[PDB]
Amino acid sequence: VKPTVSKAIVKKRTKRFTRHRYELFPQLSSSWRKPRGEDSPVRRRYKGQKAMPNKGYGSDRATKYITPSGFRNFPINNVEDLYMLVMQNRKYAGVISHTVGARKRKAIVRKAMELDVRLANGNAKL
Amino acid sequence: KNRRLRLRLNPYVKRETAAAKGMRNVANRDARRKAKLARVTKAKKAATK
Amino acid sequence: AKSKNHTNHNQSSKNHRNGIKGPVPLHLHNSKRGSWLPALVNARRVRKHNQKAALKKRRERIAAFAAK
Amino acid sequence: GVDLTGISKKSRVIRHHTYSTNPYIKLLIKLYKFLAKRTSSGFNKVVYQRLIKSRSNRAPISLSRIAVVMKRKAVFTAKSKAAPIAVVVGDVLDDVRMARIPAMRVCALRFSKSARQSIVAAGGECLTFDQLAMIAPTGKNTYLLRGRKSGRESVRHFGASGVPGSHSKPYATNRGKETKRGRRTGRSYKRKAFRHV
Amino acid sequence: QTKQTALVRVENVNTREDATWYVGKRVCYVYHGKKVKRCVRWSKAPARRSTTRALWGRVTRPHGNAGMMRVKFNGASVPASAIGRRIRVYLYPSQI
Amino acid sequence: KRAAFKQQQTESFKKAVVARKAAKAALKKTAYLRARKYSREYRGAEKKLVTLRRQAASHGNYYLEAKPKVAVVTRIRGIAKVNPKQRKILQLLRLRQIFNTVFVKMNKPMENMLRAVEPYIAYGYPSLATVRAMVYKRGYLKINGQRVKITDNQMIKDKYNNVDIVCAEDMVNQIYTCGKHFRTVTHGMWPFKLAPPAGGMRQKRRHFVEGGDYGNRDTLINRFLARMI
Amino acid sequence: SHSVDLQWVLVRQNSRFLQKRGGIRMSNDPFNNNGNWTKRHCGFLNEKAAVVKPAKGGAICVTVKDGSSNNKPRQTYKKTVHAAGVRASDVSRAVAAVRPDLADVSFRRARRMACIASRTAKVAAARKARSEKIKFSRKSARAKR
Amino acid sequence: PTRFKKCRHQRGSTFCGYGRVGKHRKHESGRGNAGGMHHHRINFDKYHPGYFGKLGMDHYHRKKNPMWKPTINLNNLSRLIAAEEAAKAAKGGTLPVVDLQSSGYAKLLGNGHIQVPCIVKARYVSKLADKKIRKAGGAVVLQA
RNA sequence: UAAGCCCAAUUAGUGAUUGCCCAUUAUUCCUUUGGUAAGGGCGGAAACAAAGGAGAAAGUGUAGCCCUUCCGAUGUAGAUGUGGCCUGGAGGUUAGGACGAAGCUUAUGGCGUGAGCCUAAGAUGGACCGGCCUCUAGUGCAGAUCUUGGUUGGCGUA
RNA sequence: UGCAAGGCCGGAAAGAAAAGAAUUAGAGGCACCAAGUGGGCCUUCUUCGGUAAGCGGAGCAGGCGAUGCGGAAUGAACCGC
RNA sequence: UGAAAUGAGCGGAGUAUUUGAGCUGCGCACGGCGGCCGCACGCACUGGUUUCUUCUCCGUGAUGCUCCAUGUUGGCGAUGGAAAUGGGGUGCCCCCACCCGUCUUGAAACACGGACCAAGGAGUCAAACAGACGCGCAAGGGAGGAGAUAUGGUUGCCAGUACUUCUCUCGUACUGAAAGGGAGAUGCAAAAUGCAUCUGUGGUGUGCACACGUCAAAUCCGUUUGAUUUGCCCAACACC
RNA sequence: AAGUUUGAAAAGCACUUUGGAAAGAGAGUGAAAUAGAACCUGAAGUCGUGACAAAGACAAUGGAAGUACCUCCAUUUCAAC
Ligand SMILES: [K+]
Ligand SMILES: [K+]
Ligand SMILES: [Mg+2]
Ligand SMILES: [Mg+2]
Ligand SMILES: [Mg+2]
Ligand SMILES: [Mg+2]
Ligand SMILES: [Mg+2]
Ligand SMILES: [Mg+2]
Ligand SMILES: [Mg+2]
Ligand SMILES: [Mg+2]
Ligand SMILES: [Mg+2]
Ligand SMILES: [Mg+2]
Ligand SMILES: [Mg+2]
Ligand SMILES: [Mg+2]
Ligand SMILES: [Mg+2]
Ligand SMILES: [Mg+2]
Ligand SMILES: [Mg+2]
Ligand SMILES: [Mg+2]
Ligand SMILES: [Mg+2]
Ligand SMILES: [Mg+2]
Ligand SMILES: [Mg+2]
Ligand SMILES: [Mg+2]
Ligand SMILES: [Mg+2]
Ligand SMILES: [Mg+2]
Ligand SMILES: [Mg+2]
Ligand SMILES: [Mg+2]
Ligand SMILES: [Mg+2]
Ligand SMILES: [Mg+2]
Ligand SMILES: [Mg+2]
Ligand SMILES: [Mg+2]
Ligand SMILES: [Mg+2]
Ligand SMILES: [Mg+2]
Ligand SMILES: [Mg+2]
Ligand SMILES: [Mg+2]
Ligand SMILES: [Mg+2]
Ligand SMILES: [Mg+2]
Ligand SMILES: [Mg+2]
Ligand code: NA
Ligand code: NA
């Protein structure tokens with residue numbers, strides 16, 4: 001099935017907002033933390049420092065949440081979940097949960113091919 | 001600078017640009033200059049008398 | 001140690017941030033408490049008469065509206 | 001770069017939804033939001049705004065107050081005209097101090113059992129706000145009423161009781177405590193009862 | 001610096017009027033890579049297969065008074081390894 | 001088929017379309033007539049002044065020009081480090097941002113108001129072309145509190161609800177001649193928001209007389225604004 | 001008794017048919033023509049409802065709730081089966097006879113059912129063609145009763 | 001519930017709303033009601049006038065039972081008269097008899113206008129209450 | 001024959017009044033977010049099988065009902081809000097797992113402004129466990145000469 | 001019958017003319033509950049003590065503190081924003 | 001790339017319309033001399049002349065509530081160990097860029113704590129009060145402690161749930177140090193406990209809605225949306 | 001301080017070969033032996049090794065924008081497209 005064509009997807013920023021000086025200490029995760037140091041140069045917004053997330057980086061609402069294939073991901077755990085996406089098959093694609101086994105995955109993939117429902121991680125074929 | 005908007009706001013702008021084209025006309029401008037100079041000079045000379 | 005003694009440096013800005021509020025108008029909070037007593041007593045008697053008159057006029061207006 | 005100094009002081013706290021979890025309040029809010037948007041009458045707008053309000057701001061009203069204001073309206077009302085519907089956006093509570101009342105049509109969010117019994121016994125009718133919407137969608141010939149909040153103990157406790165001109169109750173569990181020093185002239189001073197303002 | 005605009009000095013262009021004459025002309029930066037990558041007419045003209053690559057841009061406006069020009073390249077900016085290197089300023093698109 | 005209320009809406013909408021087209025035509029004709037009248041009035045006034053000056057010069061006399069009634073004022077400084085009196089005056093002038101521009105009446109109250117904020121605002125006496133250019137290109141109206149660009153005369157008529165002001169030329173006339181509805185017209189408009197003067201300024205920190213920018217520069221404000229507009 | 005508005009207020013946030021996976025609010029309600037979690041599409045909740053269903057043989061079944069037997073769950077929904085080749089406009093009119101605000105979605109769903117039947121037949125034929133060349137060491141057959 | 005407190009919101013704020021300068025210290029003003037006359041005088045004076053000092057005679061062994069004397073007004077007597085009793089009540093006829101002490105009241109007060117005339121049995125009564133209840137056609141009967 | 005100082009100018013007694021460069025400023029365009037926000041639509045118009053489509057919720061807040069239109073967005077201490085993220089348990093409700101559950105690993109991609117979420121692959125593991133509504137708390141770490149355990153350059157050195 | 005004070009009944013109201021004859025990104029009032037803070041520093045102008053001080057102390061007002069960005073090569077505060 | 005083209009621009013139809021510039025009529029205005037003489041060509045006749053200049057009229061609602069879907073010419077893509085685009089890595093170039101946390105007016109500081117990693121690590125619980133918000137009832141509200149019995153049963157679910165208090169508590173009434181006193185309105189009146197009635201805001205000013213009209217504007221002509229008069233004024237505020 | 005928590009079951013590695021032994025190399029049991037004995041999983045940190053990227057001295061790290069090279073990855077196309 002073909003996804004519905006949308007406006008061209010424009011990302012205001014591709015790089016992640018990573019925690020300040022996380023590369024220098026192995027224990028620090030790259031997950032963003034708001035710098036609250038009084039003398040922090042990231043918090044004070046010096047020119048040569050990395051940026052902080054704010055509302056201005058938010059993505060265009062028309063193309064928000066859309067995967068590169070053009071669809072939007074909907075988690076799917078069994079065969080019966082495919083019928084929720086039957087009518088909106090050009091807008092949503094099914095994402096089989098990681099913990100669904102290979103057996104039930106065979107069932108899901110067969111049904112999804114029969115229904116013309118896109119599977120984001122349904123391997124091979126078509 | 002947009003003709004649509006300028007004419008929409010001022011429906012009379014066609015006549016104004018027509019008059020401007022008339023004033024820019026070389027023969028019209030030269031005739032008007034000669035006539036204006038003669039007329040004003042005559043009026044001033046009669047006034048001082 | 002020694003510190004700064006006194007300043008009025010930021011005080012006008014703070015006073016004007018929520019602004020200097022204008023006075024309560026003359027028609028509000030016009031209490032006569034503490035004014036010259038004889039005039040207040042005479043005005044009290046006049047006001048009691050006026051309340052009686054207001055009740056009488058209201059009764060007459062109700063009577064006239066009913067009769068009409 | 002625009003000099004907007006104190007522009008946030010202009011903003012006021014406006015609420016457009018209810019904190020109430022009562023689903024029937026939600027239904028009434030839906031109905032009167034639609035009515036206030038689609039009907040020109042200011043009665044519907046006031047009713048919607050009051051339905052949004054909190055419980056403390058939808059104060060209860062006694063039945064005797066309704067009777068008194070409806071009588072005050074009844075005089076100077078043409079005898080041909082029918083009496084207005086009393087509309088309260090809070091609770092209506094009975095009043096044991098007024099045994100005899102006329103037959104009044106009252107619309108309220110809630111009636112106490114005694115108040116409903118009194119209204120029905122007097123010959124009147126207790127109306128529901130959707131019944132009011134059906135019989136008076138615009139609000140024509142209605143008496144919109146509010147309860148009194150100035151007599152609540154919270155209001156009686158507001159302000160400092162020690163400044164002159166103040167007659168607010170203190171926060172004191174013991175009544176005999178806090179009665180001597182700033183309260184009697186003999187205990188070196190008394191807080192002045194009056195202050196010119 | 002702002003790398004989305006580049007400055008190009010052209011031989012015998014030493015006035016703002018000349019740089020104005022060049023406004024809109026196509027601009028090419030020619031270099032070479034290390035491998036032979038895909039090119040225009042890779043299949044049609046196998047003789048064009050080379051490590052030689054090119055980045056294309058256009059003249060947007062004159063810069064200053066002495067014939068310098070502002071150039072913007074298609075999408076990506078021109079690499080700084082090109083600073084001081086040859087730039088091709090073609091005569092097309094032609095207005096004359 | 002078509003529901004009854006749908007058909008009633010269809011009839012009402014047909015009538016509305018006919019009425020709207022008729023109203024557009026009538027407003028166009030009225031605006032045309034008013035613009036013609038204003039144009040003829042302006043040209044006659046200028047010719048009258050020219051003849052008066054010539055008669056004065058013919059017999060050794062002088063002609064005193066009428067003191068200008070309108071001034072056009074633009075803010076040329078940012079919003080940093082402003083004293084409270086100047087800040088209040090600029091707020092009352094609606095010049096809350098740099099290169100905000102407004103028209104004011106050149107009377108004693110406003111003149112003394114402008115004297116106290118001179119380092120912040122460059123001003124002068126607008127020409128007809130300046131008024132027209134500002135209204136047509138930079139003119140915005142306060143409609144339901146929103147900054148709405150002037151694109152048609154119907155919105156002007158709806159905004160002002162005055163028989164004297166139904167089109168853009170009525171606004172230009174009221175501003176330029178300081179008419180009965182000058183305050184109404186200027187208060188109905190959003191403050192003009194201009195670009196920086198292409199070609200640069202001279203010096204924001206000095207008066208125009210000293211070679212700077214911030215003073216009253218008389219009719220020389222028109223070249224400055226023409227570069228700004 | 002208890003209106004649809006009240007029930008929708010009661011069940012909008014929490015329900016067994018609401019499927020909030022990721023940030024998407026779908027609905028596995030069997031009487032929803034669309035899968036959207038709205039009051040209009042909640043066929044299990046409205047007084048009257050009509051949902052387009054597939055039937056064996058490429059046919060289309062229309063399930064209708066009328067509100068006459070809403071207190072008898074086994075009599076609430078009556079199924080009418082349209083023979084294969086039925087125009088989607090006929091199914092749309094069958095739905096609109098009960099709920100005019102579901103006509104467009106019912107038409108689209110009937111056309112979708114027809115497409116699904118045809119594509120299912122094609123995919124089954126292709127799979128059978130592929131299966132005719134496999135050794136298939138094991139095969140399971142259900143007993144008869 | 002712990003998930004609604006400011007503590008959850010302040011995870012990562014490093015100060016929890018007490019400031020970098022003043023900080024959150026143990027007892028910066030003393031403990032409890034300390035300093036009511038020194039460094040807390042203004043608070044006590046403007047919020048709890050009369051807090052300090054003595055007033056009045058002492059009553060060493062105070063017993064609330066002898067002092068029990070709850071009161072009811074004339075305009076609240078319908079709370080003790082039943083519905084059909086109230087309906088059948090008028091001047092000169094058979095009147096309901098209200099036993100105050102059985103209903104939890106000792107004195108009858110005269111505030112307001114009595115609605116339904118009745119015979120009230122009370123331990124105490126104000127003069128205004130007695131006068132009004134006789135003027136309305138009821139009566140007061142003393143009881144112990 | 002300044003690339004110094006004091007005056008002037010903008011391509012020069014030629015024919016008028018903008019030389020040029022640089023901002024998180026101005027104007028304008030696009031997008032986000034929040035309003036003391038401003039408005040419209042929401043009684044499915046009619047028609048339409050497979051071999052133009054889909055949606056349309058009377059709504060604070062979500063993947064925001066949908067659309068249009070204006071205005072503002074920095075900020076220590078501090079306040080507040082968030083159908084805001086995350087953790088261990090409890091009522092419910094839906095699922096998943098020996099065709100591999102939790103844990104663990106990543107040039108492993110996708111989504112989200114973010115807290116994070118999800119998928120993929122393990123040539124990892126071998127038995128539990130996910131989503132959503134609500135309830136609950138011993139619920140989130142980079143530093144406290146922090147606690148415990150392990151490691152570590154100095155160092156094959158003294 | 002004058003004056004003073006509360007009212008009641010009527011009148012007239014450029015709704016405030018003309019003389020430069022205001023303007024406003026002008027919703028006015030009224031509360032309730034609370035937080036941080038209560039070491040400040042710099043500057044134009046005015047100012048006191050001191051030979052003076054990057055010294056001590058004040059007034060009006062702007063800043064920094066809490067704030068970056070573009071300039072003064074460099075600088076919390078100067079210029080611009 | 002015409003999925004609504006609003007166009008002086010796209011259609012249709014006319015050779016005209018009327019802008020200005022020249023020349024010029026009457027009266028007024030303006031200037032000079034003090035009624036004339038001048039009027040540079042001002043205003044009214046929306047004056048005359050067309051000598052030059054000029055485009056002049058009409059025209060399509062949404063029966064589309066919303067979103068998305070439409071050209072030309074080449075190159076590269078023909079299932080490929082493909083092409084392309086976007087992500088990731090690593091290096092390089094130009095430019096930019098003081099070390100985090102902290103106290104402090106002021107930190108990159110020659111101020112202090114800072115080798116690494118894992119696990120742990122700090123606004124909690126109770127009670128009194130108050131305010132905001134959600135609930136339930138309301139002149140009343142509510143327990144508590146105990147009782148019975150479904151349960152005198154059941155390993156356990158079930159230490160829960162269901163039921164009842166002439167009580168207790170808070171409130172409906174305050175005030176005085178206490179002795180102990182204790183609040184309606186109106187009318188007539190003027191009794192050191194006055195009398196009569198009981199459908200009633202104690203009065204005044206300002207005050208939602210509603211009713212009565214009256215205006216102005218916009219109207220698809222149905223109305224809506226802003227006043228504003230009068231009556232009642234709810235809630236509140238002020239003076240009595 | 002310390003879970004003897006290998007495995008379903010000791011079936012707890014016979015035997016050959018090098019080694020003085022410890023052990024190694026094979027073989028064997030077991031579904032698994034980086035399940036080989038205080039042995040389930042087996043993280044971070046640190047270290048070894050093979051392959052590759054390069055790289056002066058700008059301490060290193062870091063931002064922004066490109067490019068060279070790689071990519072066990074994610075999508076989209078392969079023909080009247
Ligand atoms: K490791
Ligand atoms: K790179
Ligand atoms: Mg991202
Ligand atoms: Mg600081
Ligand atoms: Mg796994
Ligand atoms: Mg101090
Ligand atoms: Mg009270
Ligand atoms: Mg300059
Ligand atoms: Mg200065
Ligand atoms: Mg239809
Ligand atoms: Mg920290
Ligand atoms: Mg705090
Ligand atoms: Mg403190
Ligand atoms: Mg004593
Ligand atoms: Mg903070
Ligand atoms: Mg726990
Ligand atoms: Mg890595
Ligand atoms: Mg803890
Ligand atoms: Mg840790
Ligand atoms: Mg070592
Ligand atoms: Mg005036
Ligand atoms: Mg201190
Ligand atoms: Mg100092
Ligand atoms: Mg500080
Ligand atoms: Mg410098
Ligand atoms: Mg044409
Ligand atoms: Mg500290
Ligand atoms: Mg110090
Ligand atoms: Mg520091
Ligand atoms: Mg030092
Ligand atoms: Mg220390
Ligand atoms: Mg009990
Ligand atoms: Mg009390
Ligand atoms: Mg231990
Ligand atoms: Mg084996
Ligand atoms: Mg293993
Ligand atoms: Mg192990
Ligand atoms: Na009780
Ligand atoms: Na390695």
Side-chain angles (χ1 to χ4, degrees), chain A residues 1-4 6 58-100 102-103 106-122 124-126, chain G residues 15-38 40-44 51-54 58 60-61 63 88 91 95 102 104-128 130-131 138 140:
Chain A
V1 66
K2 283 283 225 61
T4 170
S6 61
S59 305
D60 186 0
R61 296 192 65 88
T63 57
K64 193 177 188 183
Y65 299 111
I66 297 181
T67 72
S69 66
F71 294 97
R72 299 188 188 184
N73 293 337
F74 187 77
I76 278 184
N77 312 317
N78 50 75
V79 172
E80 295 295 306
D81 295 348
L82 284 171
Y83 305 119
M84 294 191 281
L85 312 185
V86 153
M87 206 53 222
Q88 323 226 32
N89 64 335
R90 295 194 58 191
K91 176 176 184 183
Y92 295 105
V95 181
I96 307 182
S97 291
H98 163 68
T99 53
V100 176
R103 196 187 61 249
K106 287 182 297 191
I108 292 164
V109 167
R110 181 162 47 251
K111 205 59 177 179
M113 174 67 173
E114 277 171 302
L115 287 181
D116 198 6
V117 178
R118 177 66 71 95
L119 289 189
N121 56 333
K125 208 190 167 176
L126 54 116
Chain G
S15 186
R16 77 119 304 172
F17 300 116
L18 171 62
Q19 303 290 316
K20 291 173 47 179
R21 311 181 185 178
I24 299 96
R25 299 179 303 283
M26 282 280 95
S27 184
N28 57 350
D29 173 25
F31 311 107
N32 192 322
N33 291 279
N34 197 9
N36 280 357
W37 184 248
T38 73
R40 189 190 304 279
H41 289 299
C42 278
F44 79 98
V51 54
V52 178
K53 292 286 194 185
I60 293 183
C61 173
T63 293
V91 177
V95 172
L102 294 178
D104 307 0
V105 64
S106 60
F107 175 93
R108 303 195 191 106
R109 196 189 173 90
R111 177 175 26 140
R112 183 83 182 96
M113 293 306 151
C115 301
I116 285 167
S118 59
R119 176 175 161 89
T120 302
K122 274 197 302 294
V123 176
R127 270 204 318 270
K128 187 181 185 60
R130 181 188 187 274
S131 301
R138 176 149 284 275
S140 177

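We use all heavy atoms of the structure for the numbers below, so side chains are in, but hydrogens, waters and symmetry mates are not. Here is how names work: the chains are called A, B, and so on, in the same order as the sequence lines, proteins then strands, and each is numbered from 1.
For G:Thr120 against A:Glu114, the heavy-atom pair with the smallest separation is OG1-O, 3.5 Å. Residues G:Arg112 and A:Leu115 approach most closely at NH2-O, 2.7 Å, considering heavy atoms. For the residue pair G:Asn33 and A:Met87, the shortest heavy atom distance occurs at O-CG, 3.9 Å. For A:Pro75 against G:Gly22, the heavy-atom pair with the smallest separation is CG-N, 4.1 Å.
Of the atoms belonging to G:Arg108, heavy atoms from both backbone and side chain fall under 4.5 Å from chain A. At a 4.5 Å heavy-atom cutoff, the contact between A:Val86 and chain G is made by backbone and side-chain atoms alike. Both the backbone and the side chain of G:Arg109 come within less than 4.5 Å of a heavy atom of chain A. There is no contact between G:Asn32 and chain A, counting heavy-atom distances below 4.5 Å. With a 4.5 angstrom heavy-atom cutoff, A:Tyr92 touches chain G only via side-chain atoms.
Under the 4.5 Å side-chain criterion, counting only non-hydrogen atoms from C-beta, A:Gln88 is in contact with G:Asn36. Annotation: side chain of A:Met113 is in contact with side chain of G:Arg119 (closest heavy-atom distance under 4.5 Å).
In terms of heavy-atom pairs under 4.5 Å with chain G, the best-connected choice from A:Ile76, A:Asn89, A:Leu85, A:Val95 is A:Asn89.
Here A:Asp81 contributes atom CG and G:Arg21 contributes atom CZ; the two are 4.0 Å apart, rounded to the nearest 0.5 Å. In this structure, A:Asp116 CG and G:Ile116 CD1 are separated by 8.5 Å, a value rounded to the nearest 0.5 Å.
The contact list for residues 66-74 of chain A toward chain G, using heavy atoms and a distance under 4.5 Å, reads A:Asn73, A:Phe74 by residue number.
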